[PDB]
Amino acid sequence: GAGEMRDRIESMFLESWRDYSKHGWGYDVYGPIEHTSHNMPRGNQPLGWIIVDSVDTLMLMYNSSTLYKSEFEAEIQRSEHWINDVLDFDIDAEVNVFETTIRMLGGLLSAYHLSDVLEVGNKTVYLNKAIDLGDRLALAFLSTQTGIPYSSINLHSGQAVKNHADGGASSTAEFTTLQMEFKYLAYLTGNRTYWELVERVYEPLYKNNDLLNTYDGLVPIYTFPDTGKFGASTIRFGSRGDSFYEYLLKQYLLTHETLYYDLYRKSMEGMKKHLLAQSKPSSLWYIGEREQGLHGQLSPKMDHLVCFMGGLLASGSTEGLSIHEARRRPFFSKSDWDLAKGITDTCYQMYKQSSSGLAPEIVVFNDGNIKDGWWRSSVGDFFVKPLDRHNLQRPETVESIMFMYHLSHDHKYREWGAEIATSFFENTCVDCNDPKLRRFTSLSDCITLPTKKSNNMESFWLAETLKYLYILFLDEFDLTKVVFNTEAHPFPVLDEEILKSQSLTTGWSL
């Protein structure tokens, strides 16, 4: 039953949360096995990495819990007071602009939103925190002439610093996955600067590289900030590439700016033409990589991160509408929808065909040219390299499953989600037979049985994985009124007329 699954997911969240609160409260990094923790900044000041990333999940569960509503409420209060009284972003330390924007700025914005629409807590606490952090992060856009930011920035001084490696090139997805956050902040503050700075990165990216014509909208993962030109690098929908595509569509869903939908469409058709393929022997659809330009060979290697594509494609085709209604709209893309189901199925198979029921960090699909020390899936559709056997509690597959269920209403997706939730429960638990001490942790190896545990709980286990599994089992969730940032922090769809009155419009074109 949905309500029961709800109780179980809330239970898992609380088991992880109670343990974290008891042993690593206020710390950025936490290891459940040994109950150890530390902060990321050299000076040891906290960034709120886990707390801020988890607040909105607490609010969502508080809103529908029937067994622990009171506990969730108290924890929201605990988190809010800490964010208001302890957390301080005036830190003399360099932080990754992308991660801090999607997790911290995004989490504060979604906490504000949910605090607002759910009337729980004090939304002002989160908004004020978001404005201050947003200002510290925004200084990154002043470093280059192109407007493309360097990878890191000092939260106290505002000094920017290039990527230590890759010849100093920035990761393409890292500066193209900041738009939802800064645009929503612009909307809440009426401050156009946030919007202008974040939209600026696209023109040099598209124009200086002849992106549409030469690359069919597919981006190499590295781009030099000073020139805006791509560096010799792999073209993949995995890490450093993935969210560039995500935010093209999501900006359109959030602000109604059609230019981004058009760009998204171009990239999607390019993806279908150069990266799409099917595995043997189940003919599972998968997106491959091109390490040597579009004219090079196609690699069947696929990061689990690519699995977010199921939900993205479904979202872009339906615009949040249940297919019943979407199928009759002019904007509905039959191709995107069929592929969304296909990719979600493939990603589910990465769990179903896994010895532990959990998909590893990276897999290599069987393209008929898999000819050593690799592990073969149950059906043989993919292999797992010895070095990619870990599982970091990633959400991308349950993410897509959630979208597919709410848009299609096909109960099969809830069955898939339940199986995966069960696999996480049984294969990542520590002190599995004691509800009072049970916790969940990452795996150094999810292929060997019993699985081998790693002493680390990712903030996204709480911010994303458990959140999406939870939403999957909510009977009511209108995907036309919300747009999730890349760390699963929900922002409301913005009113076009209000954006216009605030002079928040597309400041460039192509």
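Counting begins at 1, following the sequence as shown.
Asks: According to the PDB entry, how many deposited residues between residue 371 and residue 372 are absent from the model (none, 1 to 3, 4 to 9, 10 or more)?
Replies: Per the record, 1 to 3 deposited residues are absent between residue 371 and residue 372.
Asks: Report the stretch with the higher mean CA temperature factor, choosing between 254-262 and 117-125 on the basis of the entry.
Replies: The deposited B-factors put 117-125 ahead on the C-alpha mean.
Asks: Looking at the deposited entry, does 216-224 or 84-92 carry the larger mean Cα B-factor?
Replies: Higher mean C-alpha B-factor: 84-92.
Asks: Highest Cα B-factor in the PDB entry belongs to which of 296, 311, 107, 204?
Replies: The record points to 296.
Asks: Identify, among 69, 38, 467, 35, the residue whose C-alpha carries the highest B-factor in the deposited PDB entry.
Replies: Highest C-alpha B-factor among the listed options: 69.
Asks: Would you mind checking where the Cα B-factor of residue 158 ranks among the modelled residues of its chain, as the lowest, middle or highest third?
Replies: CA B-factor rank for residue 158: highest third.
Asks: Could you look up the Cα B-factor of residue 444 in the entry and say which third of the chain it sits in: lowest, middle or highest?
Replies: Answer is middle: the recorded C-alpha B-factor places it there.
Asks: Pull the Cα B-factor of residue 496 out of the PDB entry and bin it into the chain's lowest, middle or highest third.
Replies: CA B-factor rank for residue 496: highest third.
Asks: Per the entry's values, where does residue 192 land by CA temperature factor relative to the rest of its chain, in the lowest, middle or highest third?
Replies: Middle third, going by the recorded CA B-factors of the chain.
Asks: Determine, from the deposited record, the chain-internal third of the Cα B-factor for residue 388: lowest, middle or highest.
Replies: Residue 388: CA B-factor falls in the middle third of its chain.
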